[PDB]
Amino acid sequence: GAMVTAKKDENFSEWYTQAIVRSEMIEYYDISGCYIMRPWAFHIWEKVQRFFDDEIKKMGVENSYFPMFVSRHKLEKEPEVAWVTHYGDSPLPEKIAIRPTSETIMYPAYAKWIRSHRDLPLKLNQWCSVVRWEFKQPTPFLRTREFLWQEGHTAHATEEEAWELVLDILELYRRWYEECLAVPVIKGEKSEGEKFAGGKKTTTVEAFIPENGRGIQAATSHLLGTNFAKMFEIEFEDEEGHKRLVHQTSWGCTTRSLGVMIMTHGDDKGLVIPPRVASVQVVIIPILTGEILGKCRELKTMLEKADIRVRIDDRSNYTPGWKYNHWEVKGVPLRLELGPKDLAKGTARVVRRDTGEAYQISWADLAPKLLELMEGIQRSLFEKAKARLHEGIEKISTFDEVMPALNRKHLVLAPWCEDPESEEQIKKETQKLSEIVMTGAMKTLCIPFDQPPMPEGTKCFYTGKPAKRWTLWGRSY
Amino acid sequence: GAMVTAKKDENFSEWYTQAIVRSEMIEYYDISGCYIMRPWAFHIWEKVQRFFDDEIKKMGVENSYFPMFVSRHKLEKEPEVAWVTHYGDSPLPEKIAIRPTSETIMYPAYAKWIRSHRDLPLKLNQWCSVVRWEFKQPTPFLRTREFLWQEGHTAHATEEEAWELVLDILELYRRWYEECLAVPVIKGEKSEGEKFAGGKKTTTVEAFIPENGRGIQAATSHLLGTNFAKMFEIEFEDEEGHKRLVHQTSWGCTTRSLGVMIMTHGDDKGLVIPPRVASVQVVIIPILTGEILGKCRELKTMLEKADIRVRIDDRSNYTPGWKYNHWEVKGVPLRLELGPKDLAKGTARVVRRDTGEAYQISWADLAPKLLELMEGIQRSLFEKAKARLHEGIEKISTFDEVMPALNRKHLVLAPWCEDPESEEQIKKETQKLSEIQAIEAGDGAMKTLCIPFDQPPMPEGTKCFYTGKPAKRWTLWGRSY
Ligand SMILES: Cc1cc(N2CC[C@](C#N)(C3(C)CC3)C2=O)cc(C(=O)NCc2cc(F)cc(-c3cnn(C)c3)c2)n1
Ligand SMILES: Cc1cc(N2CC[C@](C#N)(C3(C)CC3)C2=O)cc(C(=O)NCc2cc(F)cc(-c3cnn(C)c3)c2)n1
Ligand code: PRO
Ligand code: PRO
């Protein structure tokens, strides 16, 4: 048999490795930092990809594909980049490099395509792989040297429109995590030191892993503004003849979501998959003759008439207990058992994956009851995570409250004056205090949109200067 | 005013570039061999990809994604590969390679995954890009140094099942080209020298460009057989305990398809895009003031209720004829003109892209008539291309018939004994003659395309059209891409 023996609330690392390995999600590779995405993990990426694609196509964004290579001189305009130097056995003219981001590849094309305001807005997106090479230790799904992602780049006439689309894409990411993956995220504004290089303002959705008390950036949505139009000479004309700079936005989302989705919902038994991204929503396990096996196909067709995803585990050379454990660690939401007594009884027995609750349902009520079951499972999966999230955040006043809260594996919400030097000072002294496999330092995660009230007079929690906004702090990824 | 000045049947080389550039399908990148696929071609790639994906999901094939790099030792296991050596300024402990094809990447994992007969069959597929860095003349879509594709790799317990899957995948490719792209292909078997390296037998579909009389391999499906399992120790335990080798198949299809489609259908005006893959099936062009745009949007919604892809070109800054030409070079099959005189009569004037025939349809009859018209356009495009294909293939007996046919921009179906030395000699001999021909012109070899599945009868005996040996089968020959 193949199941999970590690406990999630003890050795979280080994539990994560077991849950993602013993569920046929990843496979190791001989090249460090890279992993093989098996179909069970990929059919979730497919669902979130199709959803986000439909949504951005409703916004008018069109898909495209730009090369994976970039000339050296077009990238030298403002590391962890990999370069190509040979073709078989001979050297090339210029050493071309692999894309860590397609701004320097697409924007030369944007300047050529954009001439008049009638060419705006230009909204492009592409689904591609991206290489980011670091010495540091790799972690599956979260810190991968080569990850799949979507990256969209838009160019608008005015900054108002650009900012509006930035926020719309951030809302799309919020739905991606909260509605599709049932992982609660916090919308926020990035720090000046934590924001995208060369951009004006960077928006983000942040997630929280309670087991290690670490924050992690789910997705990102940037307002580049005109800072990149200067770098790449992307200009247009209004109906007055005046050459003006375009306002650019860029945004992206990786397979890191999947990893987050796992840590938020897996338990000591393995995976739990929200019914909205589950490749197989209901698995039918026949228990043994032709009558039972043929009735299972009738029930499969019936549930497929309700757009439910059903696979019958008619595999004969496998004990039913092995199928139980197999699909338990797989994370399938509802498992459906049908034996001979069930077929005679005219009912079936389903066991939900989140709580283990058993249900006896008649065949005439099977489809709507399973719909209600999946909806309730998704809602509860999201609510438990929301509760853990808000119990993992502490509202503080001074810095003397920081180190206890960090030790409780929590985050802090503090009044901050946004002095960029103060953030580095705070990181340094939090690391120093933690010193007494990753750092113990505390940095900014975001400046949440849902801003709590700032009282009449107020004070920064570190420098004592007048505080500007509430900031989320914590040990991060 | 992006038009197409070139003539397709005169300067075809330039016509292709004009048709693909002034439709805003491709854009040029500073690195040779790499091209930017703008949305107008990518929304065709999207449709063919959704089609093939649904169809292979019916076959139990599940999608995945393997890394884009391969180790040196695992790749050199028995070229045109791009090798990564540095990160920033520092070199690497081992040099890695960018994938030309992911056999050496997936198959080490196959060896780990297959243990018993219960793990078989195993059907994987991935949609990604591959980098073949040939340093010859790059052609958009046709021969690029970086191109998108799907590659599917399967492993079975017996070879009959593997070959069955091979032929099913090849049929899926024939549907991809003839039912989606409306481009006729020929199913066939690759020669012993042109088959996939290390494989047992390669099946293929071939397409024909008449303007330069060239054959081009549309897609491919390989029977690797037992050969790769020997390389990567991919074995399983039989139902009886005997340890045996898997039988593997590998198949793939690239963006080249799109390219071929263009060459098959575009005319002197620009693109012609088959309606089953077109991003905009019907373009509504207001003749230019809300009285007209309102009815345009009403018709847009009504046609959308019939799953018709409609975009209304309400850009008031251009003349209607400019819009006509702009959506003609893009190859939109149907153009719906709605003038102010049309609003009182309650009709609209629809013009199709392939023939130019113009119809005037009532608003109520709009949806079913446009459905019928798109079906007819698809049928007529494919049937015209199929007739052109059968006009361009010459059935021959002697090598004396070869050079005439090749000079007519044609292919030859000839009885062949299938000895590989014979193929190489015919290649060299056709080149050594086409060059002597072109000497007196102020400025060409022929190779095997496929051994078609629909073999004509082979009379008793019959001599190979080049060597005089007893002929095996009718092979396709022509100048290749
Ligand atoms: C899956 C994924 C997604 C990402 N991004 C980047 C873009 C983004 C999106 N979208 C955001 C901007 C974050 C939202 C995303 O998810 C970034 C990375 C990444 O740095 N991988 C390189 C790498 C390899 C490795 F072996 C180890 C490390 C490492 C780092 N610190 N330590 C201690 C080890 C890092 N890996
Ligand atoms: C788009 C694409 C698809 C392919 N495959 C991959 C799979 C396949 C499909 N489908 C099949 C093998 C046909 C089944 C296909 O077409 C192969 C290639 C390719 O060799 N590109 C490298 C290249 C660059 C270049 F600048 C020039 C040349 C060149 C070659 N001869 N001359 C005179 C110039 C070649 N380019
Ligand atoms: O990688 C990043 O962080 C940004 C967002 C997508 C494109 N560049
Ligand atoms: O590259 C090729 O020719 C084959 C097609 C599938 C993968 N390998």
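- The record lists X-ray crystallography as the method behind this PDB entry and 3.2190 Å as its resolution.

- Going by the annotation in the PDB entry, the name recorded for chain B is Prolyl-tRNA synthetase (ProRS), with Toxoplasma gondii given as the source organism.

- Chain A is annotated in the PDB entry as Prolyl-tRNA synthetase (ProRS) from Toxoplasma gondii.

## Brief notes about the overall build of chain A
Point 1. Scanning chain A for helices and strands turns up 13 helices and 24 strands.
Point 2. The C-alpha atoms of chain A give 25 Å as radius of gyration, which agrees with the globular expectation for 477 residues (23 Å, within 12%).
Point 3. With the C-alpha coordinates of chain A rotated into their principal frame, the extents come out at 80 × 55 × 50 Å.
Point 4. Every one of the 477 residues in chain A was classed for burial, and the buried ones make up 57%.
Point 5. When the accessible surface of chain A is totalled, it reaches about 20600 Å², and 50% of it is carbon and sulfur.
Point 6. Averaging the positions of the 67 positive and the 70 negative side-chain charges in chain A gives two centres separated by 3 Å.

## As for the site of ligand 3
All names here are of chain A.
Point 1. The immediate surroundings of ligand 3 are formed by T101, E103, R132, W149, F196, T220, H222, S250 and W251.
Point 2. Taking 250 Å² as the accessible area of ligand 3 by itself, protein coverage stands at 91%.
Point 3. Of the residues belonging to the shell around ligand 3, the class tally is 3 nonpolar, 4 polar and 2 charged.

## Digging into the domain arrangement of chain B
Point 1. Each assigned domain of chain B is listed here: domain 1 (1–274), domain 2 (275–375) and domain 3 (393–480).
Point 2. A separation of 49 Å is found between the C-alpha centroids of domain 2 of chain B and domain 3 of chain B.

## Some remarks on the sheet that holds strand β17 (residues 334–338) of chain B
All names here are of chain B.
Point 1. Reading across from one edge, β16-β15-β17-β18-β19 is the order of the 5 strands in this open sheet, with mixed pairing throughout. Two strands in the sheet have a free side with no partner beyond their single neighbour: β16 (310–312) and β19 (358–362). Going across the sheet, the axis of each strand differs from the next one's by a mean of 25°, ignoring polarity.
Point 2. Pairing of strand β15 (residues 282–286) with β16, which is carried by 3 bridges, proceeds in the parallel orientation. Bridged to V283 within β16 is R311.
Point 3. Contacting β15, β16 and β17, helix α8 (residues 290–304) runs over the sheet at an angle of about 170° to β15.
Point 4. Sheet strands in contact with helix α9 (residues 320–329) are β15, β16 and β17, and its direction is about 170° off that of β15.

## A look at the domain arrangement of chain A
Residues and elements named next belong to chain A.
Point 1. Once the domains are mapped, chain A shows domain 1 (1–274), domain 2 (275–375) and domain 3 (393–476).
Point 2. Taking only C-alpha atoms into account, the centre of domain 1 sits 27 Å from that of domain 3.
Point 3. With 21 residues of domain 1 at the interface, the matching set in domain 3 holds 21 residues.
Point 4. With both chains or domains summed, domain 1 and domain 3 bury close to 1800 Å², and 54% of this area falls on carbon and sulfur atoms.
Point 5. Ranking the residues of domain 1 by area buried against domain 3 places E189, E194 and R214 at the top, with a combined share of 32%.
Point 6. At the surface where domain 1 touches domain 3, the tally comes to 3 salt bridges.
Point 7. Put simply, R469 and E189 hold a salt bridge, and the shortest N to O gap is 3.1 Å.
Point 8. Where domain 1 touches domain 3, the interface holds 11 residue pairs in polar contact.
Point 9. Here the residues of the side of domain 1 that touches domain 3 are counted per class, giving 5 nonpolar, 8 polar and 8 charged.

## Examining the site of ligand 1
All names here are of chain A.
Point 1. The full set close to ligand 1 counts 17 residues, and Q137, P138, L142, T144 and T254 are the nearest of them.
Point 2. Between ligand 1 and the protein, one listed contact pairs a nitrogen atom with a backbone N or O atom of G252 at 3.3 Å.
Point 3. In isolation ligand 1 exposes 760 Å². Once the protein is present, 87% of that is buried.
Point 4. At the level of secondary structure, the elements contributing two or more residues to the shell around ligand 1 comprise β12 (214–225) and β15 (247–254).
Point 5. Of the residues contributing to the shell around ligand 1, the split by class is 5 nonpolar, 6 polar and 6 charged.

## Overview of the pairing of strand β6 (residues 90–98) of chain B
All names here are of chain B.
Point 1. Bridge count between strand β4 (residues 69–70) and β6: 2 bridges; the pairing is antiparallel. Its bridge partner being in β6, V70 is matched across the sheet by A97.
Point 2. Pairing analysis gives 4 bridges linking strand β5 (residues 82–87) to β6, with the strands arranged antiparallel. Pairing of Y87 across the sheet is with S90, part of β6.
Point 3. Taken together, β5 and the strand that follows it, β6, pair antiparallel across an intervening segment of 2 residues, in which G88 is found at a positive phi of about 75°.

The rules we used
- Along each chain, numbering proceeds from 1 in written sequence order. Entry numbering may differ, and residues lacking coordinates are not shown.
- Just so you know, chain letters begin at A and ligand numbers begin at 1, following the order they were written in.
- Side-chain figures throughout are based on the complete set of non-hydrogen atoms in the structure, without hydrogens or water.
- Per the convention used, a helix needs a DSSP run of H or I reaching at least four residues, while a strand needs a run of E reaching at least two, with both numbered from the N terminus.
- The reference for a compact globule is 2.2 Å times residues^0.38; the radius of gyration itself is calculated from the C-alpha atoms.
- We call a residue buried when its accessible area falls under 20% of the maximum for its residue type, exposed when it is over 50%, and partly exposed in between, using a 1.4 Å probe and counting protein chains only.
- Here the accessible surface of atoms and residues is derived via Shrake-Rupley with a 1.4 Å probe, and residues count as covered only by protein chains that are part of the display.
- Positive charges come from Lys and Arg alone, negative charges from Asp and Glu alone, with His and the N- and C-terminal ends not counted.
- In plain terms, the charge of a residue is placed at NZ if it is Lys, CZ if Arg, CG if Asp and CD if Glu.
- One heavy atom within 4 Å of a molecule or strand is enough for the residue carrying it to be called near that molecule or strand.
- The residue classification treats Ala, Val, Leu, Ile, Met, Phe, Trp, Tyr, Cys and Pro as nonpolar and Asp, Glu, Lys and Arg as charged. All others, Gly included, are polar.
- Each domain span listed reflects an automatic or database assignment of domains.
- Two strands are counted as paired when DSSP detects at least two bridges linking them.
- For helices, the axis comes from a line fit to the C-alpha atoms of the stretch in contact; other axes are also lines fit to C-alpha atoms, and the angle between any two N-to-C directions lies between 0 and 180 degrees.
- Residues are treated as being in contact if the distance between any of their heavy atoms lies within 4.5 Å.
- Here the buried area means the combined drop in accessible surface, using a 1.4 Å probe, for two parts upon being joined, counting both sides.
- Salt-bridge detection follows one rule: a side-chain nitrogen of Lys or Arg within 4 Å of a carboxyl oxygen of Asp or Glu.
- In protein, a polar contact means a hydrogen-donor-capable atom and an acceptor-capable atom, both N or O and within 3.5 Å, with residues adjacent in sequence counting only if both atoms are side-chain atoms; elsewhere, any N or O pair within 3.5 Å suffices.

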